[PDB]
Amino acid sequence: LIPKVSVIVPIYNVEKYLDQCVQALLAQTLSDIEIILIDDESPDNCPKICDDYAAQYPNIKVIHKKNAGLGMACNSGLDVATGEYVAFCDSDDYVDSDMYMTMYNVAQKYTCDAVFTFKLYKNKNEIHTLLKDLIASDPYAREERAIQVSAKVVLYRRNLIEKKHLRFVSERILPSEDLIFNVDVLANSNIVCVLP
């Protein structure tokens, strides 16, 4: 009925990586995956490659936009996403087929609001403490947290994002847009897990 995970892929001049990427998402072990391709006015052949996929498969949604950046692209993806969970995958990244299964199962077991990249944070208080490292004096602890919090592979409970109206800030305004979005999620969550 409702997709288990919506995977949004922001696309811009990656025609040499796209196929392997979408094909890795199509090979996932987890069922009911909704794949969303956002063509941010890609100069190469990605626009047709997206149509080809949307035509050859039933779980692939596509949107062709006038160029506006990856952050805004991910947002368009979120607007059409319908899965219980949502995630972002870079064009130049072909993921391991057991990946989403692993993250989904974990998130379902502990009712997570987000699963990063073993530690479980049961309340916003424990999460808050995790975030304090970003603004305390110690550089290394801040570097460590920023790195962790900026992990590329993250699974978010979609309704937390919608309820909180969380969206990416354009990278053209904030180059650290991905980190900020992740903090938006963490500072507004209750339960969070971090995988090895």
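Each residue number is its position in the shown sequence, starting from 1.
- The entry shows an unbroken chain from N75 to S76, with no unmodelled residues of the deposited sequence in between.
- Stretch comparison (178 to 186 versus 15 to 23) by mean CA B-factor in the PDB entry places 15 to 23 on top.
- Stretches compared: 62 to 70, 145 to 153. Higher mean C-alpha B-factor in the entry: 145 to 153.
- Sorting the modelled residues of the chain by their CA temperature factor places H128 in the highest third.
- Annotation for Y53: CA B-factor lies in the middle third of the chain's modelled residues.
- Per the deposited record, the Cα B-factor of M99 falls in the highest third when ranked against the other modelled residues of its chain.
- Annotation for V192: C-alpha temperature factor in the middle third relative to the rest of the modelled chain, per the entry.
- Per-chain ranking of the deposited C-alpha B factor places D32 in the middle third.
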